[PDB]
Amino acid sequence: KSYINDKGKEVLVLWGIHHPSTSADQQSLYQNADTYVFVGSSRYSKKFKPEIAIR
Amino acid sequence: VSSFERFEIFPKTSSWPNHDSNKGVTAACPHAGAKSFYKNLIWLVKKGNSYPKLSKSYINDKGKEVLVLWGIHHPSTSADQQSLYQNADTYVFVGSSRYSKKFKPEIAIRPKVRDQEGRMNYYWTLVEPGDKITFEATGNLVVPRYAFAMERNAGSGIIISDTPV
């Protein structure tokens, strides 16, 4: 899903990445043992990877 | 910089017999309309339909610190990854006496910037005299072509103005 800045001002966008404690938790919430997250814009480019471990 | 000399660290015509050193052009860096690329860098692609594991080393033999620049390309789609390097999974490692880092391409589509949806991350390091720099990759590597031997002068800055010289 994409959004285009249409308000004429700089837009502050906040998002979070969740790191599950166990592999069962990973499958319990997202159903995929392996997942990837990518956020991209005209200047920002980074791909995230969940780190599944108990803290 | 006290002294600045340009020597061909990795010659284009003889350093990459297993990889294509002439298809590395794109529409984002044009020259006289035709697609071109950075003159000091070579965008190595698969030579036909094969990209064997690449390894080539240079030893600083000029007596001065050598500035080496290289880039890492992140394809937009998996088809693009197989179209240029023939390997869905590739790794890039650069190692010297002090530098040690392994890169991993991040394949994802980005918003178009100069008609490009892929990203190219550039890197640099300094090689002291009597040191060797080693390049290792199975793909997604932009090999250097020209290197600079230099001696930094302590201090000085950069002036940003339209005043003539």
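See above for the structure.
For each chain, numbering begins from 1 and proceeds through the sequence as written. The entry may number the same residues differently, and residues missing coordinates are not shown. Each chain is given a letter, starting from A, and each ligand a number, starting from 1, according to the order in which they appear as written. Note that the chains on view sit within a larger assembly, with every value limited to the chains on view. The basis for every side-chain value is the complete set of heavy atoms in the structure, and neither hydrogens nor water enter the calculation.

**Considerations on the overall build of chain A**
To be explicit about the condition: The helix count covers DSSP runs of H or I at least four residues long, the strand count covers runs of E at least two residues long, and both are numbered beginning at the N terminus. When we talk radius of gyration, it's over C-alpha atoms, and the globule rule is simply 2.2 Å times the number of residues to the 0.38. Under the scheme applied here, a residue whose accessible area is under 20% of the maximum for its type counts as buried, over 50% as exposed, and between as partly exposed, the area being computed with a 1.4 Å probe on protein chains only. Between two residues, a contact is recorded if the distance between any of their heavy atoms is within 4.5 Å.
Summing up its helical and strand segments, chain A has one helix and two strands in all. In summary, chain A has a C-alpha radius of gyration of 15 Å against a globular reference of 10 Å for 55 residues, an excess of more than 25%. Along the three orthogonal principal directions, the C-alpha set of chain A runs to about 45 × 15 × 15 Å. Residues classed as buried in chain A amount to 9% of the 55 residues present. Of all intrachain contacts in chain A linking residues separated by at least 6 positions in sequence, the fraction that spans at least 24 positions is 45%.

**Focus on the sheet that holds strand β12 (residues 132-137) of chain B**
Residues and elements named next belong to chain B. The cut-off we apply is this: A pair of strands is treated as paired once DSSP finds two or more bridges between them. What counts as an axis is a line fitted to C-alpha atoms, over the stretch in contact for a helix, and the angles between N-to-C directions run from 0 to 180 degrees.
An order of β7-β12-β9-β10 is seen for the four strands of this open sheet, with the pairing classed as antiparallel. Bordering the open sheet on either side are β7 (54-59) and β10 (100-103), each of which pairs with just one other strand. On average, each strand axis in the sheet is inclined to that of its neighbour by 10 degrees, with strand direction left out of account. Bridging between β7 and β12 involves six bridges; their strand directions are antiparallel. Bridge pairing in β12 places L54 opposite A137.

**Describing the interface of chain B and chain A**
By a widespread convention, an interface's size corresponds to the accessible area lost as its parts come together. Operational definition: Buried area is calculated as the accessible area (1.4 Å probe) missing from two parts once they are joined, with the contributions of both summed. By salt bridge we mean one thing: a side-chain nitrogen of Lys or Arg within 4 Å of a carboxyl oxygen of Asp or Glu. Pairing of N or O atoms within 3.5 Å defines a polar contact, subject to two protein rules: one partner must be a possible hydrogen donor and the other a possible acceptor, and residues neighboring in sequence count only if both atoms are side-chain atoms. Nonpolar residues are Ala, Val, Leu, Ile, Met, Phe, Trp, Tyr, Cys and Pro. Charged residues are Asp, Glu, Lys and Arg, and all others, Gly as well, are polar.
The interface of chain B with chain A comprises eight residues on the first partner and seven residues on the second. Between chain B and chain A, roughly 600 Å² of surface is buried when both sides are summed, and carbon and sulfur atoms account for 55% of that area. Taken together, the connections running from chain B to chain A amount to zero salt bridges. The interface formed by chain B and chain A contains three residue pairs in polar contact. Its residues assigned to classes, the side of chain B that touches chain A shows five nonpolar, no polar and three charged.

**Some details on unusual backbone geometry**
All names here are of chain B. Even without a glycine there, the phi angle at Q86 is positive, about 70 degrees. Following the sequence through the fold, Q86 ends up in the loop between α1 (78-84) and β9 (92-95). The exposure class of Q86 is partly exposed, given its relative accessible area of 30%. Located in the positive-phi region is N140, a residue other than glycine, with phi close to 55 degrees. Classification of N140 by relative accessible area gives buried; the value is 0%.

Note that all results are geometric; they support no functional claim without further evidence.
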